[PDB]
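Chemist: What follows is target.txt, compact mmCIF, N, CA and C atoms and all ligand atoms.
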```txt
# COMPACT_ATOMS: atom_id res chain seq x y z
N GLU A 9 13.90 -39.87 52.25
CA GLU A 9 14.36 -38.51 52.49
C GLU A 9 13.52 -37.85 53.60
N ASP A 10 12.17 -37.87 53.52
CA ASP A 10 11.35 -37.27 54.57
C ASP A 10 11.40 -38.20 55.78
N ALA A 11 12.05 -37.74 56.86
CA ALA A 11 12.20 -38.53 58.08
C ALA A 11 11.20 -38.14 59.18
N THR A 12 10.05 -37.56 58.80
CA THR A 12 9.02 -37.12 59.75
C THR A 12 8.52 -38.25 60.63
N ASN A 13 8.22 -39.40 60.04
CA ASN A 13 7.68 -40.53 60.77
C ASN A 13 8.65 -41.04 61.82
N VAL A 14 9.97 -41.00 61.53
CA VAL A 14 10.98 -41.41 62.50
C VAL A 14 11.02 -40.40 63.65
N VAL A 15 11.10 -39.10 63.34
CA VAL A 15 11.20 -38.04 64.35
C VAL A 15 9.94 -37.99 65.23
N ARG A 16 8.77 -38.14 64.63
CA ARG A 16 7.52 -38.18 65.39
C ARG A 16 7.49 -39.42 66.30
N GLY A 17 8.10 -40.53 65.86
CA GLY A 17 8.24 -41.73 66.68
C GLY A 17 9.09 -41.45 67.91
N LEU A 18 10.16 -40.68 67.74
CA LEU A 18 11.04 -40.29 68.85
C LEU A 18 10.33 -39.33 69.80
N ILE A 19 9.50 -38.42 69.26
CA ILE A 19 8.74 -37.49 70.08
C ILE A 19 7.78 -38.28 70.96
N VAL A 20 7.08 -39.27 70.38
CA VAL A 20 6.13 -40.10 71.12
C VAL A 20 6.89 -40.88 72.23
N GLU A 21 8.00 -41.53 71.89
CA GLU A 21 8.78 -42.29 72.87
C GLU A 21 9.26 -41.40 74.02
N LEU A 22 9.87 -40.25 73.70
CA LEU A 22 10.41 -39.36 74.73
C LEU A 22 9.34 -38.70 75.55
N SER A 23 8.21 -38.33 74.93
CA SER A 23 7.11 -37.76 75.67
C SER A 23 6.50 -38.81 76.61
N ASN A 24 6.46 -40.10 76.21
CA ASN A 24 5.99 -41.16 77.10
C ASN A 24 6.92 -41.30 78.31
N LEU A 25 8.22 -41.24 78.06
CA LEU A 25 9.21 -41.32 79.13
C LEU A 25 9.11 -40.11 80.05
N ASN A 26 8.90 -38.91 79.50
CA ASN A 26 8.73 -37.72 80.31
C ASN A 26 7.48 -37.80 81.19
N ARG A 27 6.39 -38.37 80.67
CA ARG A 27 5.17 -38.56 81.46
C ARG A 27 5.46 -39.51 82.64
N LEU A 28 6.19 -40.59 82.37
CA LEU A 28 6.60 -41.55 83.38
C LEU A 28 7.53 -40.95 84.42
N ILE A 29 8.44 -40.04 83.99
CA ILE A 29 9.38 -39.35 84.88
C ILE A 29 8.61 -38.45 85.85
N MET A 30 7.64 -37.67 85.35
CA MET A 30 6.88 -36.79 86.23
C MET A 30 5.96 -37.56 87.19
N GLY A 31 5.41 -38.69 86.76
CA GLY A 31 4.61 -39.54 87.63
C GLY A 31 5.47 -40.15 88.72
N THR A 32 6.71 -40.58 88.38
CA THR A 32 7.64 -41.11 89.37
C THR A 32 8.03 -40.01 90.36
N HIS A 33 8.31 -38.80 89.86
CA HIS A 33 8.67 -37.65 90.69
C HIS A 33 7.57 -37.34 91.73
N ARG A 34 6.31 -37.30 91.28
CA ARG A 34 5.19 -37.03 92.17
C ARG A 34 5.00 -38.17 93.17
N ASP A 35 5.23 -39.43 92.76
CA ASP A 35 5.15 -40.59 93.66
C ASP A 35 6.26 -40.58 94.71
N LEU A 36 7.46 -40.08 94.36
CA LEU A 36 8.57 -39.98 95.30
C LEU A 36 8.32 -38.87 96.30
N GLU A 37 7.80 -37.72 95.85
CA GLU A 37 7.44 -36.60 96.74
C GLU A 37 6.34 -37.04 97.73
N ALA A 38 5.40 -37.86 97.25
CA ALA A 38 4.30 -38.41 98.04
C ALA A 38 4.83 -39.43 99.04
N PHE A 39 5.75 -40.32 98.62
CA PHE A 39 6.33 -41.32 99.51
C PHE A 39 7.09 -40.65 100.66
N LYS A 40 7.93 -39.65 100.36
CA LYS A 40 8.68 -38.92 101.39
C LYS A 40 7.73 -38.22 102.35
N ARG A 41 6.64 -37.64 101.82
CA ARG A 41 5.61 -36.98 102.62
C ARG A 41 4.95 -37.97 103.61
N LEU A 42 4.56 -39.17 103.14
CA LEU A 42 3.93 -40.18 104.00
C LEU A 42 4.85 -40.69 105.11
N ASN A 43 6.17 -40.78 104.87
CA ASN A 43 7.10 -41.25 105.91
C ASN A 43 7.22 -40.24 107.05
N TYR A 44 7.13 -38.93 106.76
CA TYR A 44 7.13 -37.92 107.82
C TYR A 44 5.86 -38.09 108.68
N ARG A 45 4.71 -38.45 108.06
CA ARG A 45 3.46 -38.69 108.78
C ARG A 45 3.55 -39.96 109.63
N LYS A 46 4.13 -41.05 109.09
CA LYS A 46 4.27 -42.31 109.83
C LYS A 46 5.21 -42.10 111.03
N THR A 47 6.40 -41.52 110.78
CA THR A 47 7.40 -41.28 111.81
C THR A 47 7.06 -40.01 112.59
N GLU B 9 18.98 -23.87 57.93
CA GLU B 9 18.54 -25.09 57.25
C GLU B 9 19.31 -26.31 57.79
N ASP B 10 20.65 -26.28 57.84
CA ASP B 10 21.41 -27.41 58.37
C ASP B 10 21.24 -27.42 59.89
N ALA B 11 20.52 -28.42 60.41
CA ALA B 11 20.25 -28.54 61.84
C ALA B 11 21.17 -29.54 62.55
N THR B 12 22.37 -29.80 61.99
CA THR B 12 23.33 -30.76 62.54
C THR B 12 23.73 -30.41 63.97
N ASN B 13 24.05 -29.15 64.22
CA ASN B 13 24.50 -28.72 65.54
C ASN B 13 23.43 -28.93 66.60
N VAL B 14 22.15 -28.75 66.25
CA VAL B 14 21.05 -28.99 67.18
C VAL B 14 20.95 -30.49 67.47
N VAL B 15 20.92 -31.33 66.42
CA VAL B 15 20.78 -32.78 66.57
C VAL B 15 21.96 -33.39 67.33
N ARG B 16 23.18 -32.93 67.04
CA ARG B 16 24.36 -33.40 67.75
C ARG B 16 24.28 -32.98 69.23
N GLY B 17 23.68 -31.81 69.52
CA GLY B 17 23.44 -31.36 70.88
C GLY B 17 22.51 -32.31 71.61
N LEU B 18 21.48 -32.79 70.93
CA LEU B 18 20.53 -33.75 71.49
C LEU B 18 21.18 -35.10 71.71
N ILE B 19 22.07 -35.52 70.80
CA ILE B 19 22.79 -36.78 70.94
C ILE B 19 23.66 -36.71 72.19
N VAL B 20 24.37 -35.60 72.39
CA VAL B 20 25.24 -35.42 73.55
C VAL B 20 24.39 -35.46 74.84
N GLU B 21 23.28 -34.70 74.88
CA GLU B 21 22.41 -34.68 76.06
C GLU B 21 21.86 -36.07 76.39
N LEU B 22 21.31 -36.78 75.39
CA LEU B 22 20.72 -38.09 75.61
C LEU B 22 21.74 -39.14 75.94
N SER B 23 22.92 -39.08 75.31
CA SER B 23 23.98 -40.02 75.63
C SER B 23 24.48 -39.78 77.06
N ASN B 24 24.52 -38.52 77.54
CA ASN B 24 24.89 -38.23 78.93
C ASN B 24 23.86 -38.83 79.89
N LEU B 25 22.59 -38.69 79.56
CA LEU B 25 21.52 -39.26 80.37
C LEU B 25 21.58 -40.78 80.37
N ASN B 26 21.86 -41.39 79.22
CA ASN B 26 22.00 -42.84 79.14
C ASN B 26 23.17 -43.34 79.98
N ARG B 27 24.28 -42.61 80.01
CA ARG B 27 25.43 -42.97 80.84
C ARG B 27 25.03 -42.93 82.32
N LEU B 28 24.30 -41.89 82.71
CA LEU B 28 23.79 -41.73 84.07
C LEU B 28 22.78 -42.82 84.44
N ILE B 29 21.94 -43.26 83.48
CA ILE B 29 20.95 -44.32 83.69
C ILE B 29 21.67 -45.64 83.96
N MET B 30 22.69 -45.99 83.17
CA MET B 30 23.41 -47.24 83.38
C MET B 30 24.22 -47.24 84.68
N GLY B 31 24.78 -46.09 85.08
CA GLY B 31 25.48 -45.98 86.35
C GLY B 31 24.53 -46.13 87.51
N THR B 32 23.31 -45.56 87.41
CA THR B 32 22.29 -45.71 88.44
C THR B 32 21.85 -47.17 88.52
N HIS B 33 21.64 -47.83 87.36
CA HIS B 33 21.25 -49.24 87.29
C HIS B 33 22.28 -50.14 88.00
N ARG B 34 23.57 -49.93 87.73
CA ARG B 34 24.62 -50.72 88.35
C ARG B 34 24.70 -50.43 89.85
N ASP B 35 24.47 -49.18 90.27
CA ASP B 35 24.45 -48.81 91.69
C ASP B 35 23.26 -49.43 92.43
N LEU B 36 22.11 -49.58 91.76
CA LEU B 36 20.92 -50.20 92.35
C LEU B 36 21.13 -51.70 92.48
N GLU B 37 21.72 -52.35 91.46
CA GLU B 37 22.03 -53.78 91.51
C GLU B 37 23.04 -54.07 92.64
N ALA B 38 24.00 -53.15 92.84
CA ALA B 38 25.01 -53.23 93.89
C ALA B 38 24.38 -53.02 95.26
N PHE B 39 23.47 -52.03 95.40
CA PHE B 39 22.79 -51.77 96.67
C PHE B 39 21.97 -52.98 97.10
N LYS B 40 21.18 -53.57 96.19
CA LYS B 40 20.37 -54.75 96.49
C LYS B 40 21.26 -55.92 96.90
N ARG B 41 22.41 -56.08 96.22
CA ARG B 41 23.39 -57.12 96.52
C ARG B 41 23.94 -56.96 97.96
N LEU B 42 24.33 -55.73 98.35
CA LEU B 42 24.87 -55.48 99.70
C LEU B 42 23.85 -55.72 100.81
N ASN B 43 22.55 -55.47 100.57
CA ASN B 43 21.53 -55.71 101.60
C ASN B 43 21.35 -57.20 101.88
N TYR B 44 21.50 -58.06 100.85
CA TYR B 44 21.45 -59.51 101.07
C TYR B 44 22.64 -59.94 101.96
N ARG B 45 23.82 -59.30 101.78
CA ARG B 45 25.00 -59.59 102.59
C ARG B 45 24.81 -59.10 104.03
N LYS B 46 24.25 -57.88 104.22
CA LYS B 46 24.02 -57.34 105.56
C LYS B 46 22.99 -58.21 106.31
N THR B 47 21.85 -58.49 105.67
CA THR B 47 20.77 -59.28 106.25
C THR B 47 21.09 -60.77 106.12
N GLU C 1 24.98 -38.34 53.53
CA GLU C 1 23.55 -38.43 53.22
C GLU C 1 22.71 -37.65 54.25
N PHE C 2 21.85 -36.76 53.75
CA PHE C 2 20.95 -35.95 54.56
C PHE C 2 19.50 -36.35 54.32
N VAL C 3 18.66 -36.14 55.35
CA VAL C 3 17.21 -36.35 55.35
C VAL C 3 16.55 -35.03 55.77
N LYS C 4 15.29 -34.85 55.39
CA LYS C 4 14.51 -33.66 55.71
C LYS C 4 13.65 -33.89 56.97
N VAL C 5 13.54 -32.87 57.84
CA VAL C 5 12.81 -32.93 59.11
C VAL C 5 12.05 -31.61 59.30
N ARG C 6 10.80 -31.65 59.78
CA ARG C 6 10.03 -30.43 60.01
C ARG C 6 10.67 -29.69 61.19
N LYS C 7 10.92 -28.38 61.04
CA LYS C 7 11.55 -27.54 62.07
C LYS C 7 10.75 -27.61 63.39
N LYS C 8 9.43 -27.54 63.30
CA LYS C 8 8.53 -27.61 64.45
C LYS C 8 8.68 -28.93 65.19
N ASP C 9 8.88 -30.03 64.46
CA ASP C 9 9.06 -31.35 65.06
C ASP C 9 10.43 -31.44 65.74
N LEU C 10 11.48 -30.87 65.13
CA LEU C 10 12.80 -30.84 65.76
C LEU C 10 12.76 -29.97 67.02
N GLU C 11 11.98 -28.86 67.01
CA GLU C 11 11.80 -28.00 68.18
C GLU C 11 11.07 -28.78 69.28
N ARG C 12 10.08 -29.59 68.90
CA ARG C 12 9.35 -30.39 69.86
C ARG C 12 10.26 -31.47 70.46
N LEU C 13 11.03 -32.15 69.63
CA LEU C 13 11.98 -33.16 70.09
C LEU C 13 13.01 -32.55 71.06
N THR C 14 13.47 -31.34 70.76
CA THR C 14 14.38 -30.59 71.62
C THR C 14 13.72 -30.32 72.97
N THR C 15 12.44 -29.93 72.97
CA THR C 15 11.70 -29.69 74.20
C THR C 15 11.64 -30.96 75.05
N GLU C 16 11.38 -32.11 74.42
CA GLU C 16 11.29 -33.38 75.14
C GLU C 16 12.64 -33.75 75.73
N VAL C 17 13.72 -33.54 74.98
CA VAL C 17 15.07 -33.84 75.45
C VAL C 17 15.42 -32.95 76.63
N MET C 18 15.15 -31.65 76.52
CA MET C 18 15.43 -30.71 77.60
C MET C 18 14.62 -31.02 78.86
N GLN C 19 13.40 -31.54 78.71
CA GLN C 19 12.61 -31.91 79.87
C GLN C 19 13.22 -33.14 80.58
N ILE C 20 13.70 -34.18 79.85
CA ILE C 20 14.34 -35.33 80.51
C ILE C 20 15.63 -34.89 81.18
N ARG C 21 16.38 -33.99 80.54
CA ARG C 21 17.63 -33.45 81.08
C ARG C 21 17.37 -32.69 82.39
N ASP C 22 16.29 -31.92 82.48
CA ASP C 22 15.97 -31.13 83.66
C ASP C 22 15.41 -31.91 84.85
N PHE C 23 14.63 -32.97 84.63
CA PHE C 23 13.97 -33.70 85.72
C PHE C 23 14.50 -35.10 86.03
N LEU C 24 15.18 -35.78 85.09
CA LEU C 24 15.65 -37.14 85.37
C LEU C 24 16.83 -37.20 86.36
N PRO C 25 17.86 -36.33 86.25
CA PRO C 25 18.99 -36.43 87.18
C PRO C 25 18.62 -36.38 88.67
N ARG C 26 17.73 -35.46 89.09
CA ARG C 26 17.34 -35.37 90.51
C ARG C 26 16.74 -36.68 91.03
N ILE C 27 15.97 -37.40 90.20
CA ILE C 27 15.39 -38.68 90.59
C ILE C 27 16.47 -39.76 90.72
N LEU C 28 17.34 -39.90 89.70
CA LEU C 28 18.38 -40.92 89.69
C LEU C 28 19.43 -40.70 90.76
N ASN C 29 19.76 -39.45 91.08
CA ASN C 29 20.76 -39.15 92.11
C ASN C 29 20.21 -39.15 93.56
N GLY C 30 18.93 -39.46 93.74
CA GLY C 30 18.32 -39.53 95.07
C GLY C 30 17.72 -38.23 95.55
N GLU D 1 7.88 -25.57 57.14
CA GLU D 1 9.33 -25.35 57.07
C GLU D 1 10.10 -26.61 57.46
N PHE D 2 11.03 -27.04 56.59
CA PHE D 2 11.88 -28.20 56.81
C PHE D 2 13.33 -27.78 56.98
N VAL D 3 14.10 -28.59 57.72
CA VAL D 3 15.53 -28.46 57.97
C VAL D 3 16.19 -29.78 57.54
N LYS D 4 17.49 -29.73 57.23
CA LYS D 4 18.27 -30.89 56.81
C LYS D 4 19.02 -31.49 58.02
N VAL D 5 19.09 -32.83 58.09
CA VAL D 5 19.71 -33.58 59.19
C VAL D 5 20.50 -34.76 58.59
N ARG D 6 21.71 -35.05 59.09
CA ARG D 6 22.48 -36.19 58.59
C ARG D 6 21.77 -37.48 59.02
N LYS D 7 21.57 -38.42 58.08
CA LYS D 7 20.89 -39.69 58.33
C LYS D 7 21.57 -40.46 59.47
N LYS D 8 22.91 -40.50 59.46
CA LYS D 8 23.71 -41.17 60.48
C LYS D 8 23.47 -40.57 61.86
N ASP D 9 23.29 -39.25 61.94
CA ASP D 9 23.03 -38.56 63.21
C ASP D 9 21.61 -38.87 63.69
N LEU D 10 20.62 -38.93 62.78
CA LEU D 10 19.27 -39.30 63.16
C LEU D 10 19.23 -40.76 63.62
N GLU D 11 20.03 -41.65 63.00
CA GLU D 11 20.15 -43.05 63.41
C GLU D 11 20.77 -43.13 64.81
N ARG D 12 21.76 -42.28 65.08
CA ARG D 12 22.40 -42.25 66.39
C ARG D 12 21.41 -41.74 67.44
N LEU D 13 20.69 -40.67 67.15
CA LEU D 13 19.68 -40.12 68.05
C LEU D 13 18.60 -41.17 68.36
N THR D 14 18.20 -41.93 67.35
CA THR D 14 17.23 -43.03 67.50
C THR D 14 17.79 -44.09 68.45
N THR D 15 19.08 -44.43 68.31
CA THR D 15 19.73 -45.39 69.20
C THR D 15 19.69 -44.90 70.64
N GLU D 16 19.96 -43.61 70.87
CA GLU D 16 19.97 -43.05 72.22
C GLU D 16 18.57 -43.08 72.81
N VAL D 17 17.55 -42.77 72.00
CA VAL D 17 16.17 -42.77 72.45
C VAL D 17 15.74 -44.19 72.80
N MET D 18 16.06 -45.16 71.95
CA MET D 18 15.72 -46.56 72.21
C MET D 18 16.42 -47.10 73.45
N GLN D 19 17.64 -46.63 73.75
CA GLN D 19 18.33 -47.06 74.95
C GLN D 19 17.63 -46.51 76.21
N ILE D 20 17.18 -45.23 76.23
CA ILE D 20 16.46 -44.70 77.41
C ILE D 20 15.13 -45.42 77.56
N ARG D 21 14.45 -45.73 76.45
CA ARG D 21 13.19 -46.45 76.45
C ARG D 21 13.36 -47.86 77.04
N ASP D 22 14.45 -48.55 76.72
CA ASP D 22 14.69 -49.91 77.20
C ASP D 22 15.14 -50.03 78.65
N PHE D 23 15.91 -49.07 79.19
CA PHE D 23 16.46 -49.19 80.54
C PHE D 23 15.87 -48.25 81.60
N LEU D 24 15.25 -47.12 81.22
CA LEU D 24 14.73 -46.21 82.24
C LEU D 24 13.47 -46.72 82.96
N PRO D 25 12.48 -47.32 82.27
CA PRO D 25 11.27 -47.78 82.97
C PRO D 25 11.53 -48.74 84.14
N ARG D 26 12.40 -49.75 83.98
CA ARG D 26 12.69 -50.69 85.07
C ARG D 26 13.21 -49.99 86.33
N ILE D 27 14.02 -48.93 86.18
CA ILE D 27 14.53 -48.17 87.32
C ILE D 27 13.41 -47.38 87.99
N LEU D 28 12.63 -46.62 87.20
CA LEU D 28 11.57 -45.77 87.74
C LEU D 28 10.44 -46.57 88.37
N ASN D 29 10.12 -47.75 87.83
CA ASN D 29 9.05 -48.59 88.38
C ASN D 29 9.49 -49.49 89.56
N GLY D 30 10.74 -49.39 90.00
CA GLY D 30 11.24 -50.15 91.14
C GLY D 30 11.84 -51.50 90.77
CL CL E 101 3.02 -35.12 76.27
CL CL E 102 28.07 -42.58 74.82
```
Represent the supplied structure as structure tokens.
Modeler:
Amino acid sequence: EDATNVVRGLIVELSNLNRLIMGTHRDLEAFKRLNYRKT
Amino acid sequence: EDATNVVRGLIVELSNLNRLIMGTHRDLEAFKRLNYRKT
Amino acid sequence: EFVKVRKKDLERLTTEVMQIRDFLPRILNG
Amino acid sequence: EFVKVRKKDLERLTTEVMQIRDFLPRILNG
């Protein structure tokens, strides 16, 4: 009946994905920035 | 107390994102495929 | 069949879902 | 404070979360 452990598992999974999304976002902003410097 | 409408909202949001993820995946596999043909 | 969930945890899960919804599309669409 | 959730809906939400976990990293990591 208490599904806390399942929901907390989903929070951990989604928060890990969100951390990865923001790191990818910052890496893409950085990559675009470096190409303007190269070109 | 009944949080069905909230959870179903999350299912709709995540399933929309999953549809977008698989479409992006197929578009990336297609893009890589076309570059082998061009080169 | 119903299960019990902490309101604060469902609010947190909602926050995580809304964050992927807000930032993932711009990356995937270029 | 607890709220009630349909077990089938939590199972579906879990499926959606596991699908983003399985396919999103390969795209974001190149
Ligand atoms: Cl976090
Ligand atoms: Cl679907």
Chemist: Would you mind listing, as a PyMOL selection string, all residues of chain C that have at least one atom within 7 Å of chain B, where all atoms listed in the file are what counts?
Modeler: chain C and resi 14+17+21+28
Chemist: Contacts from chain D to chain C, 6 Å maximum, only N, CA and C atoms: show me the residue list as a list in words.
Modeler: residues 1, 2, 3, 4, 5, 6, 7 and 8 of chain D
Chemist: Could you write out, as an MDAnalysis selection string, all the residues of chain D that DSSP marks as strand (DSSP E)?
Modeler: chainID D and resid 2:6
Chemist: Quick one: distance from atom N of residue A:30 to atom CA of residue A:42 in Å, one decimal?
Modeler: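 Separation between atom N of residue A:30 and atom CA of residue A:42: 19.2 Å.
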Chemist: Mind fitting chain B onto chain A over all Cα atoms in sequence order and sending the result as a PDB file with N, CA and C atoms, keeping the file's coordinate frame?
Modeler:
```pdb
ATOM      1  N   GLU B   9      13.901 -39.875  52.247  1.00  0.00           N
ATOM      2  CA  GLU B   9      14.360 -38.506  52.490  1.00  0.00           C
ATOM      3  C   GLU B   9      13.518 -37.849  53.600  1.00  0.00           C
ATOM      4  N   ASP B  10      12.180 -37.867  53.517  1.00  0.00           N
ATOM      5  CA  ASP B  10      11.351 -37.276  54.565  1.00  0.00           C
ATOM      6  C   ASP B  10      11.401 -38.200  55.783  1.00  0.00           C
ATOM      7  N   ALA B  11      12.052 -37.745  56.859  1.00  0.00           N
ATOM      8  CA  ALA B  11      12.206 -38.530  58.081  1.00  0.00           C
ATOM      9  C   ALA B  11      11.207 -38.147  59.179  1.00  0.00           C
ATOM     10  N   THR B  12      10.048 -37.567  58.802  1.00  0.00           N
ATOM     11  CA  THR B  12       9.022 -37.117  59.747  1.00  0.00           C
ATOM     12  C   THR B  12       8.521 -38.256  60.629  1.00  0.00           C
ATOM     13  N   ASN B  13       8.217 -39.398  60.032  1.00  0.00           N
ATOM     14  CA  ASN B  13       7.676 -40.532  60.775  1.00  0.00           C
ATOM     15  C   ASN B  13       8.654 -41.041  61.823  1.00  0.00           C
ATOM     16  N   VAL B  14       9.962 -41.004  61.537  1.00  0.00           N
ATOM     17  CA  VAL B  14      10.979 -41.411  62.503  1.00  0.00           C
ATOM     18  C   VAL B  14      11.016 -40.403  63.654  1.00  0.00           C
ATOM     19  N   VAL B  15      11.106 -39.098  63.342  1.00  0.00           N
ATOM     20  CA  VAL B  15      11.195 -38.045  64.356  1.00  0.00           C
ATOM     21  C   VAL B  15       9.944 -37.994  65.235  1.00  0.00           C
ATOM     22  N   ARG B  16       8.763 -38.149  64.630  1.00  0.00           N
ATOM     23  CA  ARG B  16       7.519 -38.179  65.385  1.00  0.00           C
ATOM     24  C   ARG B  16       7.494 -39.417  66.301  1.00  0.00           C
ATOM     25  N   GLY B  17       8.100 -40.536  65.863  1.00  0.00           N
ATOM     26  CA  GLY B  17       8.245 -41.729  66.679  1.00  0.00           C
ATOM     27  C   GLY B  17       9.090 -41.447  67.907  1.00  0.00           C
ATOM     28  N   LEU B  18      10.157 -40.679  67.744  1.00  0.00           N
ATOM     29  CA  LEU B  18      11.034 -40.286  68.846  1.00  0.00           C
ATOM     30  C   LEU B  18      10.333 -39.334  69.792  1.00  0.00           C
ATOM     31  N   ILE B  19       9.506 -38.423  69.262  1.00  0.00           N
ATOM     32  CA  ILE B  19       8.744 -37.491  70.085  1.00  0.00           C
ATOM     33  C   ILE B  19       7.781 -38.286  70.960  1.00  0.00           C
ATOM     34  N   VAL B  20       7.088 -39.268  70.384  1.00  0.00           N
ATOM     35  CA  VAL B  20       6.135 -40.096  71.121  1.00  0.00           C
ATOM     36  C   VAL B  20       6.880 -40.874  72.229  1.00  0.00           C
ATOM     37  N   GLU B  21       8.004 -41.530  71.883  1.00  0.00           N
ATOM     38  CA  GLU B  21       8.779 -42.289  72.869  1.00  0.00           C
ATOM     39  C   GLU B  21       9.264 -41.404  74.021  1.00  0.00           C
ATOM     40  N   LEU B  22       9.872 -40.247  73.708  1.00  0.00           N
ATOM     41  CA  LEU B  22      10.408 -39.359  74.727  1.00  0.00           C
ATOM     42  C   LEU B  22       9.337 -38.702  75.549  1.00  0.00           C
ATOM     43  N   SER B  23       8.212 -38.334  74.923  1.00  0.00           N
ATOM     44  CA  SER B  23       7.106 -37.756  75.666  1.00  0.00           C
ATOM     45  C   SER B  23       6.502 -38.806  76.608  1.00  0.00           C
ATOM     46  N   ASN B  24       6.458 -40.095  76.215  1.00  0.00           N
ATOM     47  CA  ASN B  24       5.989 -41.163  77.105  1.00  0.00           C
ATOM     48  C   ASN B  24       6.924 -41.302  78.308  1.00  0.00           C
ATOM     49  N   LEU B  25       8.219 -41.245  78.061  1.00  0.00           N
ATOM     50  CA  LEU B  25       9.207 -41.317  79.131  1.00  0.00           C
ATOM     51  C   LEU B  25       9.107 -40.111  80.054  1.00  0.00           C
ATOM     52  N   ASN B  26       8.902 -38.919  79.498  1.00  0.00           N
ATOM     53  CA  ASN B  26       8.730 -37.719  80.309  1.00  0.00           C
ATOM     54  C   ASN B  26       7.485 -37.804  81.185  1.00  0.00           C
ATOM     55  N   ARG B  27       6.396 -38.371  80.677  1.00  0.00           N
ATOM     56  CA  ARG B  27       5.175 -38.562  81.461  1.00  0.00           C
ATOM     57  C   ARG B  27       5.459 -39.507  82.634  1.00  0.00           C
ATOM     58  N   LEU B  28       6.184 -40.588  82.364  1.00  0.00           N
ATOM     59  CA  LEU B  28       6.590 -41.558  83.378  1.00  0.00           C
ATOM     60  C   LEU B  28       7.539 -40.948  84.414  1.00  0.00           C
ATOM     61  N   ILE B  29       8.439 -40.036  83.991  1.00  0.00           N
ATOM     62  CA  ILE B  29       9.381 -39.352  84.881  1.00  0.00           C
ATOM     63  C   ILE B  29       8.608 -38.452  85.843  1.00  0.00           C
ATOM     64  N   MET B  30       7.644 -37.666  85.355  1.00  0.00           N
ATOM     65  CA  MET B  30       6.876 -36.785  86.227  1.00  0.00           C
ATOM     66  C   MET B  30       5.968 -37.557  87.188  1.00  0.00           C
ATOM     67  N   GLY B  31       5.409 -38.696  86.758  1.00  0.00           N
ATOM     68  CA  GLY B  31       4.615 -39.540  87.637  1.00  0.00           C
ATOM     69  C   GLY B  31       5.467 -40.154  88.718  1.00  0.00           C
ATOM     70  N   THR B  32       6.706 -40.577  88.386  1.00  0.00           N
ATOM     71  CA  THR B  32       7.638 -41.114  89.369  1.00  0.00           C
ATOM     72  C   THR B  32       8.031 -40.019  90.358  1.00  0.00           C
ATOM     73  N   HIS B  33       8.314 -38.794  89.863  1.00  0.00           N
ATOM     74  CA  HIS B  33       8.670 -37.645  90.698  1.00  0.00           C
ATOM     75  C   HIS B  33       7.565 -37.338  91.727  1.00  0.00           C
ATOM     76  N   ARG B  34       6.306 -37.305  91.285  1.00  0.00           N
ATOM     77  CA  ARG B  34       5.190 -37.030  92.174  1.00  0.00           C
ATOM     78  C   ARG B  34       5.001 -38.173  93.173  1.00  0.00           C
ATOM     79  N   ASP B  35       5.230 -39.425  92.760  1.00  0.00           N
ATOM     80  CA  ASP B  35       5.149 -40.585  93.655  1.00  0.00           C
ATOM     81  C   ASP B  35       6.261 -40.578  94.709  1.00  0.00           C
ATOM     82  N   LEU B  36       7.455 -40.081  94.363  1.00  0.00           N
ATOM     83  CA  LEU B  36       8.578 -39.982  95.299  1.00  0.00           C
ATOM     84  C   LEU B  36       8.319 -38.868  96.300  1.00  0.00           C
ATOM     85  N   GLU B  37       7.794 -37.715  95.847  1.00  0.00           N
ATOM     86  CA  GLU B  37       7.443 -36.605  96.735  1.00  0.00           C
ATOM     87  C   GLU B  37       6.340 -37.038  97.724  1.00  0.00           C
ATOM     88  N   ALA B  38       5.392 -37.863  97.245  1.00  0.00           N
ATOM     89  CA  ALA B  38       4.302 -38.413  98.043  1.00  0.00           C
ATOM     90  C   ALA B  38       4.828 -39.433  99.044  1.00  0.00           C
ATOM     91  N   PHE B  39       5.750 -40.326  98.621  1.00  0.00           N
ATOM     92  CA  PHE B  39       6.336 -41.325  99.517  1.00  0.00           C
ATOM     93  C   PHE B  39       7.087 -40.651 100.658  1.00  0.00           C
ATOM     94  N   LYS B  40       7.930 -39.650 100.362  1.00  0.00           N
ATOM     95  CA  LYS B  40       8.682 -38.921 101.382  1.00  0.00           C
ATOM     96  C   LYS B  40       7.732 -38.221 102.350  1.00  0.00           C
ATOM     97  N   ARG B  41       6.635 -37.648 101.822  1.00  0.00           N
ATOM     98  CA  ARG B  41       5.607 -36.982 102.616  1.00  0.00           C
ATOM     99  C   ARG B  41       4.951 -37.973 103.611  1.00  0.00           C
ATOM    100  N   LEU B  42       4.564 -39.174 103.137  1.00  0.00           N
ATOM    101  CA  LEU B  42       3.927 -40.181 104.007  1.00  0.00           C
ATOM    102  C   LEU B  42       4.851 -40.696 105.108  1.00  0.00           C
ATOM    103  N   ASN B  43       6.172 -40.782 104.868  1.00  0.00           N
ATOM    104  CA  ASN B  43       7.101 -41.248 105.906  1.00  0.00           C
ATOM    105  C   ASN B  43       7.219 -40.244 107.050  1.00  0.00           C
ATOM    106  N   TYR B  44       7.127 -38.930 106.751  1.00  0.00           N
ATOM    107  CA  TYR B  44       7.121 -37.918 107.813  1.00  0.00           C
ATOM    108  C   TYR B  44       5.855 -38.089 108.685  1.00  0.00           C
ATOM    109  N   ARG B  45       4.710 -38.454 108.060  1.00  0.00           N
ATOM    110  CA  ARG B  45       3.463 -38.687 108.783  1.00  0.00           C
ATOM    111  C   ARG B  45       3.553 -39.959 109.634  1.00  0.00           C
ATOM    112  N   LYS B  46       4.128 -41.056 109.083  1.00  0.00           N
ATOM    113  CA  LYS B  46       4.267 -42.308 109.828  1.00  0.00           C
ATOM    114  C   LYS B  46       5.212 -42.104 111.031  1.00  0.00           C
ATOM    115  N   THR B  47       6.391 -41.522 110.786  1.00  0.00           N
ATOM    116  CA  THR B  47       7.401 -41.279 111.810  1.00  0.00           C
ATOM    117  C   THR B  47       7.052 -40.012 112.592  1.00  0.00           C
TER     118      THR B  47
END
```
Chemist: To one decimal in Å, tell me the separation between atom C of residue A:39 and atom C of residue B:38.
Modeler: 21.9 Å
Chemist: Kindly provide, as AutoDock Vina command-line options, the centre and edge lengths (Å, one decimal) of an axis-aligned box around all atoms of stretch 2-20 of chain D given in the file, with 8 Å on each side.
Modeler:
```
--center_x 17.4 --center_y -37.1 --center_z 67.1 --size_x 28.7 --size_y 36.1 --size_z 37.0
```
